[PDB]
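Chemist: Need coordinates for the following:
(chains A, B, C, D, E, F, G, H and I, ligands or ions: 3)
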Amino acid sequence: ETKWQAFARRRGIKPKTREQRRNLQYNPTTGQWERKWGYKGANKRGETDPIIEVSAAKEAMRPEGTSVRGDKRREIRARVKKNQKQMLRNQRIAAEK
Amino acid sequence: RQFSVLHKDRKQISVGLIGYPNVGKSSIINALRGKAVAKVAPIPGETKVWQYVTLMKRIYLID
Amino acid sequence: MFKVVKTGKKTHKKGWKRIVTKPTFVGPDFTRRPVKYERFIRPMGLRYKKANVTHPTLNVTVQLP
Amino acid sequence: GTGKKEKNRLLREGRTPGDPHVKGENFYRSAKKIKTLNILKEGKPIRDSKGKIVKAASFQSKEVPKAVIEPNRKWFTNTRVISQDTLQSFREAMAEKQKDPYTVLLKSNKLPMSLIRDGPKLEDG
Amino acid sequence: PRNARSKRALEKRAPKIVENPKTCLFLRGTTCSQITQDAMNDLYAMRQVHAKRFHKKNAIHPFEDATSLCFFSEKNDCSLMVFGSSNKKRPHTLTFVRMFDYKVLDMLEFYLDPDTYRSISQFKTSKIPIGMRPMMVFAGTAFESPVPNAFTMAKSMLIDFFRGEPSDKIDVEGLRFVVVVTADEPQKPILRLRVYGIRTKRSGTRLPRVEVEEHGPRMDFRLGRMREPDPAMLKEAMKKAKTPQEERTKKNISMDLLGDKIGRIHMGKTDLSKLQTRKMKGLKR
RNA sequence: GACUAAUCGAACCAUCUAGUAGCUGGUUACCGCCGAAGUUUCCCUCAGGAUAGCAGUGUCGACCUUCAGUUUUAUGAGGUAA
RNA sequence: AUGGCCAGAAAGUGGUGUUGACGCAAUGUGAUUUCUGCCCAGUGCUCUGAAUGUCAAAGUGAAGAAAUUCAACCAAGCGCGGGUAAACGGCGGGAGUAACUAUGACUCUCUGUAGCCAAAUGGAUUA
RNA sequence: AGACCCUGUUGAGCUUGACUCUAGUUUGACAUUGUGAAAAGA
RNA sequence: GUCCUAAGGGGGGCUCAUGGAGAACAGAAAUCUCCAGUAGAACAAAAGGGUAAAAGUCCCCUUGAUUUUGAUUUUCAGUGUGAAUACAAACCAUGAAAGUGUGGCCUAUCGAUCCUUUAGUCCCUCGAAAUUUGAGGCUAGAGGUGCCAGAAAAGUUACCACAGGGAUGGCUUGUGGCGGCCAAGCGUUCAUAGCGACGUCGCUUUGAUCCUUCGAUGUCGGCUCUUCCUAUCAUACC
Ligand SMILES: Nc1nc2c(ncn2[C@@H]2O[C@H](COP(=O)(O)OP(=O)(O)OP(=O)(O)O)[C@@H](O)[C@H]2O)c(=O)[nH]1
Ligand SMILES: [Mg+2]
Ligand SMILES: [Mg+2]
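Modeler: Numbers count the residues shown, from 1 in each chain, chains lettered A, B, ... in the order given. Ligands and ions are numbered 1, 2, ... in the order given. Below is the structure:
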């Protein structure tokens, strides 16, 4: 058992259903169906949009060379790096066991 | 107990008692419990409403 | 969909129970939960087992389970 | 001994430290039991000083959801299929059937009963 | 496993509840006689579908070191190995080697009799189709010894070699070749391996009359050096996994002929002898 | 949870004590000059906050620069009618 | 009785007690009749039975120029290992065996129109 | 200005492996605590 | 900082890196042609024998982004038409076919103005002086919740009390819903589509059976007595 599996067994966390974990959601504003993640997913909404609202303070704190169009990809890379470190820790623990 | 073993997947079983008036449904429930838990009278129609009595952990009796 | 079913002998009554106000399908081998642990109430007068199904191609309406 | 405090009980039972807890946990109450007993205490909305509901009760959410159906290829396929050999075997089985009082029915098998049960008598038909 | 193809290979090589048919690796040492190479060719022809063949010379002595055999099992996913050798002490040797978990489970040497060995091509008969599993017949008193010995392990390896693929059904036209292994208790006993084709003839009875014709190859072996399995590894290899379609029998739970789940209740004998009836006023004389 | 001087799920008396309330009620002459407003922006919310904006008194500075919920000109969007 | 149950800030203090198991103190049930579904051993009750496994204060030994630091040792209770008020509680039976002790586990199958028996009665349908 | 509903930085009574304490009980050490012997050792 | 009808699967065709000889610019290095080329390229893994009419590279089709069923396996379920899971079967894609192949991979969370730790010799102070330990301040570093510490302050009051705040509508009535067809007409007549009253057609016992009553959260009454409406049971007329 990994760390998440042990924690879920202790806390009584139920596994999500296959219908609940589908990569599909209904966007009301566009009135269309879209993916939550992956190619053209909801996690990258607005990277290809023609106009993006930018906060003045956020743009001032933004480093030179970077733009608003890569912030979501930055957050995805950070989350993927954290998940990868966690799964590597789990694999190392399972290898020791 | 055998019915409870057969329905071990469920949390408990309910056993409802039916019949004519004055046949002894409440008397049977009281006898199974070993205690006067349901009202008993020789006049017909003493029991007017449905009543739950917890016989064991997984056995309920319904008068 | 859900209406509050009030229980208790006091003037202030517990309201944890809900009752489904629309028709439901309970399926086969249905035994109701006991009243102490029955939060959702699906009344027997609203349970349906058959429906009038129409085939768009054959233009035939049959009552089906 | 060790102590009747909740922390001492946690180290005595060896639960992994840092785990979250449901409010009201003790020796007599697990998280499942607290959820079960708080179900009985549910049903009261959160109101302001003027009685207006600011948070709805359980299963009284008052917000209208977007009731839509996605296009899916699964809607236009057959969910259940059965073969002629299987139908013939079921017909032979139901012809072979005999009633035993000391046996009980625990789970009904979902079968196309109209294609398995025998036809009515010709006089009635 | 980045690619789906490499992932498929890894899942195929992963342990399973029901196993894949075992793969046999045919390889030879630095010295291997032509008779031994012909015997390896005949065994490969018997087992074409689930075998791989090496073509180089390997300086490996299997009873001294088997690390290279473990490496080859790891790389080729082969659980059986036929290793050819030739020597002054042992002129023609076939070393049947069986793995478990990519480590050597057991090993057995066969010494060929060279003057009586006949290849498949030297018999002028119709041959077995590719992919057809032949039936097996084991004859003699050497296979029912109470102690596990070299003959019993040879029987096990030959069963695992000519096992083929498992099947719950078989066509009646696929019962036309038989492989017969004969060996007797006793100076060294000779294990004789023969393959025959089967002809059927009318006999005036529903059961047909079976007639045999020699198919080849004709092999005579003397059992040689012997490497028995470790005990714990032997129990780990003889553990039998349970198929998920094989249900566990529950007490008083069954399934009827219509698929309904049926429970059994038991009432017991009705004993009313110790019941005292009510002594009413009207029952007294 | 009855009684304990008409006082009891903690008697009566005096003091700390003018205890505390964000809640309720009230808050006392006249005239004149101005004079309003409800996500604008950020913060975990309800039992939330600041903050932008709108106002009044004084001043000071050359009350210096002039600017403007408007049109026109030209160029965009709307090339949409015609 | 060098005792229990209490009360008291304490006391060379008081009550039970001018008392001593047919007594004192604390409980549950509540006349009489009826009356103890079958079997245990999970929680609990109690066993000075072996351990130091947790192991404070004081004490012991070592290092430093000392402040200080590190080590064994470490009572009761807990823990471990036994018997139960078997109270709570869990437990559908009965047979075998290959396990061999707890937990087994793997199969088999289980459904008298007023009597008999008990020291007149068979009751709670209690005056 | 009753009752009922709702709100509170709400008050108060009661309960429990809720928190921090504590009466009581139990265990260890020190002083009260003196006098000799008979051994075992350093 | 950019780009993509995504990856994947199936089928078909072709052979690569390099060397030699040649071709205006083109000259070691652009593109094209021939010959030789066991892979010496590319794709994966870590061969001590991976892949050559392919496992490489280009075309065609699917792109449907995680299908259905299960009395079976494992786990769980106070929301038990079971859920997740494994396996099997069916489906699906491709191909002429043999067949091939998919129907996911993972993970507690919180702090970064945080936690832990190191060095300062030529940094400062310990306020009577000096030295050595030690402590504090300041500065500079290192790592990132395995070895970076920690993340456990519950209920009840029908025994009660206080300070306050409160207590859809010119609606309805006599004729069902869904689906198809016809349909006078409305539109349209460079598109012949779209609405459509009146209707119709399919689902919802030879006068039977009586052995199938299907859930109080929402509360009504009774007496006495007066009046009004008509949507008239009776009396009156047609
Ligand atoms: N002699 C005898 N009398 C019995 C027995 N069982 C029940 N009775 C009597 O029968 C009477 C009626 O039975 P009840 O206890 O009222 O139960 P019921 O049949 O549900 O009656 P209702 O509640 O009115 O429907 C009881 O008063 C008993 O005294 C029995 O086994 N033997
Ligand atoms: Mg009765
Ligand atoms: Mg009754």
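
Chemist: just checking, what packs against the helix or strand hosting residue D:86?
Modeler: Assigned by DSSP states H and E, residue D:86 belongs to helix D:84-96. Packing contacts for helix D:84-96, counted by 3 or more C-beta pairs under 8 Å, 6 or more residues apart in numbering or on different chains; DSSP states H and E, involve no helix or strand. C-beta here means a position set from N, CA and C on the backbone, and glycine is covered the same way.

Chemist: What lies in contact with that helix?
Modeler: By C-beta atoms under 8 Å, 6 or more residues apart in numbering or on different chains, the residues outside helix D:84-96 that reach it are D:111, D:112, D:115, D:116, D:117, D:118, E:256, E:257, E:258.

Chemist: need the contact list for the third one.
Modeler: Residues in contact with residue D:115 (C-beta under 8 Å, 6+ apart) are D:82, D:87.

Chemist: Tell me the residue of chain B that sits nearest chain A?
Modeler: Evaluated by C-beta to the nearest C-beta, chain B has residue B:11 as its residue closest to chain A, separated by 16.1 Å.

Chemist: so what's the residue lying closest to that residue once chain neighbours are set aside up against?
Modeler: On the basis of C-beta to C-beta, 6 or more residues apart in numbering or on different chains, the spatially nearest residue to residue B:11 that is not a chain neighbour turns out to be residue B:58, at 7.2 Å. Residues touching residue B:58, when contacts are defined by C-beta under 8 Å, 6+ apart, comprise B:4, B:10, B:11, B:12, B:13.

Chemist: Relative to residue E:79, how far out is residue B:58?
Modeler: 50 Å (C-beta to C-beta, to the nearest Å).

Chemist: quick one: the lengthiest helix in chain B near ligand 3?
Modeler: Ordering each helix of chain B by length in residues (DSSP state H) puts helix B:25-33 first. Yes: counting by C-beta under 5 Å from the ion, contacts between helix B:25-33 and ligand 3 involve B:25, B:26.

Chemist: Any residue of that helix touching ligand 1?
Modeler: Yes: against ligand 1, helix B:25-33 shows contacts by C-beta under 6 Å from any ligand atom at B:25, B:26, B:27.

Chemist: In ChimeraX, select just the buried ones from these.
Modeler: In ChimeraX, this line selects whichever of these come out buried by 16 or more other C-beta atoms under 10 Å in any protein chain shown:
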select /B:25,26
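
Chemist: Need the residues that contact the longest helix of chain B.
Modeler: The set of residues that contact helix B:25-33 without belonging to it, under C-beta under 8 Å, 6+ apart, is B:17-19, B:36-40, B:46-47, B:53, B:55, B:61, B:63.

Chemist: Check stretch D:5-13 too.
Modeler: Contacts of stretch D:5-13 from elsewhere in the structure, counted by C-beta under 8 Å, 6+ apart, are D:2, D:17, D:25, D:26, D:27.

Chemist: dump the residue contacts of the residue nearest to the spatial centre of chain C.
Modeler: In chain C, the centroid-proximal residue (C-alpha atoms, centre = their mean) is residue C:42; its distance is 3.0 Å. By C-beta under 8 Å, 6+ apart, the residues touching residue C:42 are C:19, C:20, C:24, C:26.

Chemist: Roughly how far does it sit from chain A?
Modeler: Distance from residue C:42 to chain A, counting by C-beta to the nearest C-beta, to the nearest Å: 21 Å.
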